[PDB]
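Residue numbers (PDB author numbering): 3 to 66, 71 to 103, 106 to 126.
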Amino acid sequence: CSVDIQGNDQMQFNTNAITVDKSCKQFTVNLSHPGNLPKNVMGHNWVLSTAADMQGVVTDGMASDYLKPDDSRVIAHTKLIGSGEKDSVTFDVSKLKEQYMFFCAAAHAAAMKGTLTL
Ligand SMILES: [Cu+2]
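Have a look at this one:
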């Protein structure tokens, strides 16, 4: 009923998929970032929400640890960790049901994009 998640300076997760065994009443995410943060990203966290609400959470974090205080869409999140730092978050699995998304709120990319060629 637990997992170790890691990020790096290439904006990669050690895994982009997490399974929660149904015997679990609580689940714990263990976050660490042993190497450097990505360039000009000064923090790393792990955030859980619905697939629908993810974008809202992200936009509102930049509008207001890159997260809106007491955001009701955020199921669970770690604090912002630096390089070489570590944090854990444990949450009640009862608040879940089903295709949820987890993300880091500190490293942003362009939401809207396309291709151009000559
Ligand atoms: Cu941003």
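Ideal Cβ placement from N, Cα and C applies to all residues, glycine included.
*Give the DSSP-derived three-state secondary structure of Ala115 in the structure shown.*
coil
ask   = Closest by CA to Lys24, which one among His46, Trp48 and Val99?
value = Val99
Measure the C-alpha to C-alpha separation of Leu33 and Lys121 and round it to an integer number of angstroms.
-> 30 Å
| Just to check, is the beta-carbon of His116 closer than 7 Å to a non-hydrogen atom of ligand 1? | yes
For this session: Compute every distance between the C-beta of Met44 and the non-hydrogen atoms of ligand 1, then say whether any falls below 7 Å.
Result: no
Taking the alpha carbon of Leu102 as the reference point, which residue from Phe15, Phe29, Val5 and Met13 has its own alpha carbon closest?
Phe29
Reducing DSSP to helix, strand and coil, say where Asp77 ends up.
coil
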